[PDB]
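Data block below; observations after.
2 protein chains.
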Amino acid sequence: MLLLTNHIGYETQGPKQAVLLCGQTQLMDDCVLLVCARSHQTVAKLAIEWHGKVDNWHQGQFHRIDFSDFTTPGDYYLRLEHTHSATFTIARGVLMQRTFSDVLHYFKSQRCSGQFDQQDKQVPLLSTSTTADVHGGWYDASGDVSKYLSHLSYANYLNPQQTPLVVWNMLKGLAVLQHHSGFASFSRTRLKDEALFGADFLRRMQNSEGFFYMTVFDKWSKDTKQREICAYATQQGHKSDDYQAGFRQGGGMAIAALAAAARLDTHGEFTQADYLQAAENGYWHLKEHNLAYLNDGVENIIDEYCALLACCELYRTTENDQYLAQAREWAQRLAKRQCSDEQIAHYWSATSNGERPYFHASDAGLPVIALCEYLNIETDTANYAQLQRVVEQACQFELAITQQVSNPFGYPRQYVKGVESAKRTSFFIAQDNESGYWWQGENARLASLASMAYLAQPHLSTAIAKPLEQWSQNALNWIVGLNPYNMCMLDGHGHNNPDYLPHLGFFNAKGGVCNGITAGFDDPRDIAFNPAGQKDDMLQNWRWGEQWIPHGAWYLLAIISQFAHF
Amino acid sequence: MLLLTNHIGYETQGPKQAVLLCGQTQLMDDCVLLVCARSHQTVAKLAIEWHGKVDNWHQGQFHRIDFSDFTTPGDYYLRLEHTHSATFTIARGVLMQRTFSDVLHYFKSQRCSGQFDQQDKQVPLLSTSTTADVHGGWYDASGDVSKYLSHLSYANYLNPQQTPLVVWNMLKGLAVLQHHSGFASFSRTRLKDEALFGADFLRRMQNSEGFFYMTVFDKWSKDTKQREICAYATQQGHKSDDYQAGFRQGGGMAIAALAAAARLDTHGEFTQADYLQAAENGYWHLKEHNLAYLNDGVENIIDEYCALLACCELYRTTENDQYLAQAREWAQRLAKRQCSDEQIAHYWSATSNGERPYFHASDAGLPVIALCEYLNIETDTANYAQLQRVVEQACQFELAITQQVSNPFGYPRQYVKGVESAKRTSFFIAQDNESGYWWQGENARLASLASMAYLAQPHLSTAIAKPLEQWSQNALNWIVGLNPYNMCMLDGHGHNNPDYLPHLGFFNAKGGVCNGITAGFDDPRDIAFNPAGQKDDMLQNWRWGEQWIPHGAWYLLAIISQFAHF
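As given, the protein sequences belong to chains A and B, one line each in that order.
Residues in the first sequence are numbered consecutively from 74, following the numbering used here.
Residues in the second sequence are numbered consecutively from 74, following the numbering used here.
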């Protein structure tokens with residue numbers, strides 16, 4: 074008997090729900106009390122909405138309690154007979170003004186420093202006798218002082234955007250809140266400071282030929298002397314000299330950041346001109362050699378969304394028609410990844426035939442986000458209205474799929490497929506993917522989708538506005554404690570914050586978001602977080618408790634997009 | 074009915090208590106239940122110890138509940154009829170392994186950066202047309218991006234040690250936990266990284282002539298262009314060109330850090346030789362010109378404790394007898410500050426006549442700490458046994474004074490005197506001091522004293538060991554929520570964390586410790602934290618909610634000393 078809630082709070086003018094975890098499909102009393110937390114007096118009577126089993130999640134039976142129409146600010150909790158929820162807050166831009174500072178502190182806490190950053194001034198390029206100066210940037214995870222543009226390059230369909238995404242997300246934040254007087258001056262300064270710190274690093278990560286180094290990998294040794302520019306593969310981190318980052322391999326996103334970084338009135342250790350050049354150069358180089366840098370030699374959706382962003386950002390900065398033309402092409406290419414099949418319409422396909430769907434535990438939003446950046450700069454109304462309808466259909470999909478089974482928690486669902494298994498709709502990603510091993514929590518994904526929904530509202534019918542308000546909130550709610558494990562994954566907030574590997578001195582950091590909750594280790598249709606079986610297996614326990622900078626970066630853009638939307 | 078507890082936990086083999094806040098002097102039933110938090114079954118029956126009123130603290134009536142003899146690890150809470158305490162933990166080195174990481178993250182979060190640090194490369198020296206490169210170090214407070222060796226130099230008896238203390242505390246931490254296998258290798262790396270970052274800054278803060286710059290002050294403007302090397306006075310921060318830091322003005326401590334920094338196998342942006350030189354040079358320069366740099370031209374206790382440390386650290390590093398001789402002199406001088414008067418024995422005197430006692434809301438420990446560093450290096454057994462007895466008597470004092478009135482909370486008491494009041498024993502400092510305005514929370518002071526107790530045990534009888542174990546714990550307990558305001562002052566831990574000025578974007582940072590609780594604003598014998606009267610007055614609300622790097626630094630040394638002691 075648990076009343077699961079957002080451990081932080083709900084928007085005054087926003088969707089609000091909770092979820093009841095119990096034993097039965099119905100109870101005697103069908104009502105829940107919203108109670109003022111100071112006065113302990115009831116302030117609303119709430120109807121329970123029955124549901125029960127969810128996929129095959131062990132914990133028990135789950136039900137929904139909506140209290141959206143309630144719009145009076147303050148602190149409340151839910152009560153149900155004996156049991157009552159944790160206190161939460163209803164206010165305007167609650168998440169933003171509560172967490173934003175701490176998330177940014179996290180980033181500043183995880184800046185590459187000391188021994189490691191000294192060494193990163195003279196880093197071996199694998200297989201050569203060359204060095205590069207690639208100091209700066211952020212350590213990637215609670216237990217990894219390696220620094221990434223991307224990894225899992227070898228699986229092809231999995232490449233997550235890492236250090237670049239951080240930078241671009243931050244710049245994109247500054248963008249939406251420039252002119253917003255409710256965003257404090259010091260708070261704007263802090264976001265520039267961090268963003269430009271990142272930009273500098275991205276600029277340093279570009280080899281003179283025009284490509285960007287993909288990884289600075291230490292094989293998880295925490296050895297200074299093992300820090301090498303490379304790629305790697307498998308869970309044993311076999312290093313390889315394919316360190317050229319293609320569009321999907323984090324290069325596309327690195328261009329987009331540096332182009333946006335160029336538009337700031339201030340700059341970092343490098344000038345605005347320095348950034349823009351590195352962007353333009355880096356783009357036309359990949360326009361030539363992308364395919365040579367792709368492990369399977371075929372561009373997929375990830376390349377398409379990444380490159381579109383790069384072009385959209387370069388046009389904005391330079392106003393040079395070439396880039397609008399390139400955007401237009403990439404957009405048309407991306408719109409082609411919109412596929413319908415015999416059991417679901419307008420899903421995103423990785424492959425061009427529609428045989429393997431797109432699904433991502435990190436950047437799942439970007440398809441729609443990237444199209445929205447295009448729509449923002451596309452003045453020809455034929456092109457606009459075409460790709461407008463793509464964005465509309467893709468959002469209709471996200472809603473359709475997520476509401477096609479019993480889903481009290483509102484957890485965004487997705488179309489997945491394993492290397493050797495059938496296309497199926499799912500809560501979590503296919504564990505049996507091309508990596509051979511890789512799967513973890515999706516907090517990044519959730520916040521990515523949340524961000525997508527908020528940023529798309531400009532280009533969407535007001536028919537589908539309110540539904541996405543809910544979808545996006547339900548995603549965020551999960552991250553901060555409206556989940557079966559009654560666990561806030563944002564550290565230093567809510568309850569039951571998970572740590573990673575304290576006994577080895579690899580702690581989580583306050584303000585960071587951890588990987589999060591996954592499908593069952595043994596049972597794809599169950600749910601798992603640090604399950605007893607594998608909780609102590611250091612080969613597996615990374616999947617849940619460990620923090621990873623994309624989770625934070627997407628959370629940061631989500632809360633800012635949310636703040637802007639109210 | 075509140076059962077106040079440590080919001081984190083108690084040592085398995087450590088003193089444990091709670092405090093009952095209620096209405097009455099006695100209750101009907103006189104017993105409290107220690108309850109297992111997982112099984113909800115009783116595990117001990119605890120006697121209440123009656124007390125009632127404390128000084129003139131408004132909240133109500135206070136009683137003690139001791140449960141020290143209970144030594145079974147796990148999670149428990151106290152229950153008393155309907156009401157129960159917050160869950161807490163009993164384990165070995167509980168505070169250290171719970172917080173250490175986060176406190177260090179805080180420091181890395183508060184490193185001087187961005188536009189501010191760029192500007193700190195070319196800082197005007199007030200009244201001249203000179204520049205100094207003083208980039209690095211940590212921002213001083215939640216709402217101050219100025220960087221300090223010390224301030225309140227003008228009041229003479231108030232100078233707190235700031236940036237140097239951080240560095241020295243950290244180095245001193247590394248020292249006690251070198252060889253300690255329970256301190257993770259990565260965790261040692263992080264502490265060096267941060268310490269050496271600090272050392273570099275202290276090295277940069279030394280003008281070539283041999284003195285150190287006292288402050289890098291921006292008049293709280295958060296303006297880049299207002300950053301000037303200077304001193305200042307009053308609450309309006311009137312800048313002045315007396316920027317030479319004497320022994321008490323943070324110079325003594327800066328020497329001590331750089332000397333200890335020289336002993337590390339690794340080094341920062343400057344070499345071990347660079348640090349040692351800056352130390353030796355800086356010392357012999359102050360040995361000459363100290364008096365010229367003191368606002369009132371007279372050395373007081375603060376100079377004596379600061380300089381002793383410097384000498385003790387320089388002897389350890391160089392093994393050059395000159396410094397042991399200097400230590401020996403400073404020690405003899407400091408022992409002279411031990412005074413008895415007609416109502417209290419072996420208090421610390423600021424002035425040489427004993428007319429104004431020493432009391433400090435920051436570094437109150439150092440007298441005894443500095444003598445202990447001397448005792449650590451003093452081989453002549455006459456000198457040792459003399460100053461041994463001083464350290465013994467000074468601790469007997471701290472215990473005597475703190476147990477002379479109804480004191481359920483165990484809050485270390487102190488001998489104070491104002492500009493406008495008689496010598497009196499007190500909980501908090503004299504608000505009516507030489508600053509003209511300055512008084513705040515004493516969390517630094519508490520942790521300073523805790524640290525003192527742990528580090529002194531080597532040189533103390535086992536007769537007075539257990540009492541100081543309790544005193545030190547009772548200090549720490551207060552910081553993390555065993556206080557009338559049921560408030561953990563360590564951010565990201567316990568309950569009711571206070572923020573500072575979020576509406577202006579001057580947030581507290583997770584891992585930091587804030588100023589804390591004070592005497593009543595209107596009533597010296599009451600207690601205050603963000604009281605309604607002054608809570609919104611921005612001229613006064615700094616006194617409570619604001620974070621300040623000494624609180625953190627002393628907390629960090631306390632938890633480390635504690636960890637070492639069990």
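Note that CB positions come from ideal geometry on N, CA and C, so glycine has one too.
Asked, Found
"Exposure of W421/A, with buried meaning 16 or more beta-carbon neighbours within 10 Å", "buried"
"Contact with chain A by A159/B, beta-carbon distance below 8 Å", "no"
"Of the residues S499/B, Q476/B, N280/B and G87/B, the one placed nearest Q317/B, counting alpha carbons only", "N280/B"
"Cutoff 8 Å: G593/B Cβ touching any chain A Cβ", "no"
"6 Å CB neighbourhood of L563/A in its chain, flanking five on each side removed", "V553 and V586"
"C-beta atoms of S534/A and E465/A nearer than 8 Å", "yes"
"Local Cβ density within 10 Å of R518/A, reported as buried at 16 or more and exposed below that", "buried"
"Residue from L472/A, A523/A, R336/A and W511/A whose Cα sits closest to the Cα of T498/A", "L472/A"
"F259/B at chain A interface by Cβ criterion, 8 Å", "yes"
"Whole runs of the alpha helix (DSSP H) within the region 382 to 434 of chain A, excluding any shorter than 4 residues", "394 to 408"
"C-beta neighbour in chain A for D266/B, strict 8 Å", "yes"
"DSSP-derived helix/strand/coil call for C468/A", "helix"
"Alpha-carbon to alpha-carbon, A334/B and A503/A", "52 Å"
"Simplified DSSP assignment, three categories, for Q191/A", "helix"
"Ranges of the alpha helix (DSSP H) found wholly within the region 301 to 357 of chain A, counting only runs of at least 4", "325 to 334"
"Assumed close pair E507/B, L337/B - CB separation to whole angstroms, cut-off 8 Å", "Not confirmed; about 38 Å, so no contact."
"8 Å Cβ cutoff, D175/A in contact with chain B", "yes"
"Residue of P557/B, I450/B, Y356/B and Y221/B minimising C-alpha distance to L93/B", "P557/B"
"Proximity test, Cβ basis, 8 Å: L153/A and chain B", "no"
"Simplified DSSP assignment, three categories, for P197/B", "strand"
"Three-state class that DSSP yields for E122/A in the structure shown", "strand"
"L577/A at chain B interface by Cβ criterion, 8 Å", "yes"
"Own chain partners of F274/A with C-beta closer than 6 Å, once the 5 adjacent residues on each side are dropped", "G209 and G210"
"Same chain, Cβ closer than 6 Å to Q308/B, five either side skipped, listed in chain order", "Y510"
"Residues that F580/B contacts on chain A, provided the C-beta gap is smaller than 7 Å", "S174"
"Any chain A beta carbon closer than 8 Å to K295/B", "yes"
"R462/B burial status per 10 Å Cβ neighbour count (16 or more: buried)", "exposed"
"Closest Cα partner of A248/A within the set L264/A, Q235/A, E402/A and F259/A", "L264/A"
"Contacting residues, own chain, Cβ-Cβ under 6 Å from residue 640/A (five flanking each side not counted)", "No statement about residue 640/A is possible, as the shown extent of chain A runs from 74 to 639 and does not include it."
"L444/A beta carbon less than 8 Å from that of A380/A", "no"
"Of the residues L198/B, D296/B and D148/B, the one placed nearest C109/B, counting alpha carbons only", "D148/B"
"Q234/B classed as buried or exposed, judged by whether at least 16 other C-beta atoms fall within 10 angstroms", "buried"
"Selection from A418/A, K409/A, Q411/A and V207/A that minimises the alpha carbon distance to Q195/A", "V207/A"
"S413/B, buried or exposed, once every other Cβ within 10 Å from all chains shown has been counted against 16", "exposed"
"Endpoints, beta strand (DSSP E) assigned at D139/A", "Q134 to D139"
"Cβ distance (whole Å) where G96/A is taken to contact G125/A below 8 Å", "Actually they are not in contact, since the Cβ atoms of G96/A and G125/A sit about 10 Å apart, beyond 8 Å."
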